[PDB]
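Just the heavy atoms: all of them, side chains too, but no hydrogens, waters or symmetry mates, feed the values below. Naming convention: chains lettered A, B, ... in sequence-line order (proteins, then strands); numbering from 1 in each chain.
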Amino acid sequence: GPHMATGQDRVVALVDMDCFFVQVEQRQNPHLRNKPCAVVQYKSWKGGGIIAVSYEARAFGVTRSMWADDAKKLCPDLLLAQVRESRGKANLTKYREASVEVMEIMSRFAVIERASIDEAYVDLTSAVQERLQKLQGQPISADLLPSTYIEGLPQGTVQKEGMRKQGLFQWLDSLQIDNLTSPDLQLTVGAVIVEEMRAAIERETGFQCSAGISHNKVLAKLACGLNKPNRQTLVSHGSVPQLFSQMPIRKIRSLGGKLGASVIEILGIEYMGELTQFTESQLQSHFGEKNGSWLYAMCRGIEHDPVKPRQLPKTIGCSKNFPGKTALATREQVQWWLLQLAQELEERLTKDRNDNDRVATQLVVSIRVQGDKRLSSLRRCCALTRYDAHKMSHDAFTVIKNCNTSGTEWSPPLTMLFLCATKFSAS
DNA sequence: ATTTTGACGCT
DNA sequence: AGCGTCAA
Ligand SMILES: Nc1ncnc2c1ncn2[C@H]1C[C@H](O)[C@@H](COP(=O)(O)NP(=O)(O)OP(=O)(O)O)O1
Ligand SMILES: [Mg+2]
Ligand SMILES: [Mg+2]
C-alpha cells in the first residue's frame, strides 16, 4: 500500500508527425494537399515502393510497403510524390531537414529525445511544476485542451467530437486542482503544454502531429496512436487496467517481435493485462532478469526508461539494396556503389560537422550476400580519419574484399551495401 | 523485389 | 568487436 510504487513520478509526452513524408511533400506542392497521396521510392519496379500514405489514401486501403502499381488498383486517383534520387540512390535529406525544423521547435519547451525521423519524447515534469506554480489553484478550462482525448472516458453524443468533449468534461469535473502533487493534475497540465507545442509546430512549419501524454515513454507512445491524426491523448495511471485488459501484447513498444511472441506462446495469454497474474520471478525465469522485471512493472503501467537528452542522431548511415538480378557481381560494381554511398556520406558528415561541432571517428561497413535472410551478413569497422569519399570507399573495400569467394568477379553477389559513420567526438 | 535508415542488447 | 532485435 503506502510503499507500492505507482509509476506516477514523471510527465512524459510522445509527439509523432502525421503521415510525415506526405505532409512534407504537400507543404512543397499545394496540388497534393487534402488528396489521397503517397510518397514512393524508385519507380521502375512496379511503380515504386510506398513509404508514407495520406489519411485520405489510407481510407482506400493504401499502406506502407505496397507497390504503387498495386496501390493504384485500390485508389486509381492516388497522387504520388517521389523521393529524391541522387548518385543512383534514394536520398532522404528533405525529410531529415524537415525533422530538424520540428525537433528545434519542440526543444524550446523541454529536453527531447529524438526517437525517429518524425517523433520525439518530451520530459515535461519540470515544465508542469512551473506551470502549476503559475496557475495558483486556478481550474483548467476545456478551452485549453481543444484537441485532447482522455482515454477511458466518457463512462457511465453520437458524433466523435461530442464524445471527446464529454470525456474531457468528466475528467476535468473530477480533477483536484488544489493538490499540486496530484498525478492526474500533472498529466492534465502536461496536456495543456503539449497543445501549445503542437500549435507551435503547426504554425511554424505547417505540419500537423499527434501526441500522447502519460507517465512514461511506453504509455505515451501507445497513447499517441489512439486518436491519430491531429489529436492528442492523455493516458492516466488509472486508465491502465481497462486499457490493458484487451490490449494485444504486440502493441506495446519492444514487444512487437520475437519476445512478445514468446510471451504469448509460453504463458498462453493474449493481452497485456494478463501479465499481472505472474510473479516477477516467474517472468524473469521465462524472459530473463531485465525483461522479466520490465514486464512485471509495465503490465501495471510502470516504466522507468528516461527521456534521454539527445535530439541529434548518434550515427549517420547510407545504405542500398541490390535485389534480384541487380545484385552486384563484379568488383568494379562493388567499388562504384561504395563510392556513391561514400559521396553521400561525406556530404552529410561535412554538413554535420559544421552544424553540430562533432566528428565521426569510426566507419562501419556492412554487406548482405545473396541468399541470407539477415539484414546484414557481415559487418567490419575501420578508422574514419578524413571526411574523404574516395578514402572512405577505398577503406570499405579493403575491409570487405576478402568476403569474395573468387573472381574481377564477385561471388556470391552482394544484395546490400551499407556505410555508417559512428563514434562521434566533439570538434 | 519491403527500402533506408537508426537505437540498443548480447556475448 | 561483430551479430542480433526492434523499430519508423
Ligand atoms: N519502414 C519504413 N521504411 C522507410 N521509411 C519509413 C518506414 N516507416 C516509416 N518511414 C518513414 C516515412 C514516414 O512518413 C515517417 C514516419 O513514420 P511513421 O510515424 O511510422 N508514419 P507516418 O508519419 O507517415 O504516419 P502516422 O504517424 O500518421 O501513422 O518515416
Ligand atoms: Mg508519424
Ligand atoms: Mg513515427
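- Here salt bridge (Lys or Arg N to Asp or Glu O under 4.0 Å) pairs that include residues 66-78 of chain A, with residues two or more places apart or in two chains, are A:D70-A:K73.
- In the region residues 32-44 of chain A, proximity to DNA chain B at under 4.0 angstrom, judged on heavy atoms, holds for A:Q41, A:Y42.
- Sorted by first and then second residue, the pairs that involve residues 90-112 of chain A and meet side-chain hydrogen bond (donor to acceptor under 3.5 Å, both in side chains), not counting sequence neighbours, are A:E25-A:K94, A:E25-A:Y95, A:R27-A:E101, A:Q28-A:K94, A:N91-A:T93, A:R108-A:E204.
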For nucleotides 8-11 of chain B, tabulate all protein N/O to nucleotide N/O atom pairs closer than 3.5 Å, reporting atom names and distance.
| unit_1 | atom_1 | unit_2 | atom_2 | d |
| --- | --- | --- | --- | --- |
| B:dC8 | OP2 | A:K314 | NZ | 2.7 |

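- Taking the centre of each ring, A:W337 and A:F322 come in below the 6.0 Å mark.
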Solution key, residues 4-24 of chain A side-chain donor-acceptor pairs under 3.5 Å, sequence neighbours excluded:
| unit_1 | atom_1 | unit_2 | atom_2 | d |
| --- | --- | --- | --- | --- |
| A:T6 | OG1 | A:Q8 | NE2 | 2.7 |
| A:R10 | NH1 | A:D305 | O | 3.1 |
| A:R10 | NH2 | A:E303 | O | 2.9 |
| A:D16 | OD1 | A:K228 | NZ | 2.9 |
| A:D18 | OD1 | A:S210 | N | 3.4 |
| A:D18 | OD1 | A:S210 | OG | 2.9 |
| A:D18 | OD1 | A:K228 | NZ | 2.8 |
| A:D18 | OD2 | A:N230 | N | 2.7 |
| A:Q23 | OE1 | A:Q208 | N | 2.8 |
| A:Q23 | NE2 | A:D18 | O | 2.6 |
| A:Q23 | NE2 | A:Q208 | O | 2.7 |

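- Computed from coordinates, the A:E119 CD to C:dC6 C1' distance equals 13 Å when rounded to whole Å.
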Atom pairs and distances, donor-acceptor, side-chain atoms in residues 263-271 of chain A, under 3.5 Å, two or more places apart:
none

Donor-acceptor pairs are to be reported for all side-chain atoms of residues 239-247 of chain A against protein atoms at under 3.5 Å, with residues two or more places apart or in another chain.
| unit_1 | atom_1 | unit_2 | atom_2 | d |
| --- | --- | --- | --- | --- |
| A:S239 | OG | A:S236 | N | 3.3 |
| A:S239 | OG | A:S236 | O | 2.8 |
| A:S245 | OG | A:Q242 | O | 2.8 |

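- Shown here are the salt bridge (charged side-chain N to carboxylate O under 4.0 Å, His left out) partners of A:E113, two or more places apart in sequence or in another chain: A:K217.
- Evaluation of the salt bridge (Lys or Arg N to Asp or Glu O under 4.0 Å) test over residues 278-294 of chain A, restricted to residues two or more places apart or in two chains, returns none.
- Within a heavy-atom distance below 4.0 Å of DNA chain B, no residue of residues 251-275 of chain A is found.
- With rounding to whole Å, A:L345 atom CG is found 10 Å from B:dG6 atom P.
- For residues 53-62 of chain A, the pairs satisfying side-chain hydrogen bond (donor to acceptor under 3.5 Å, both in side chains) are A:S54-A:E56, A:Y55-A:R58, with sequence neighbours left out.
- Within residues 81-100 of chain A, the residues having any heavy atom closer than 4.0 Å to DNA chain B are, in order of number, A:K89, A:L92, A:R96.
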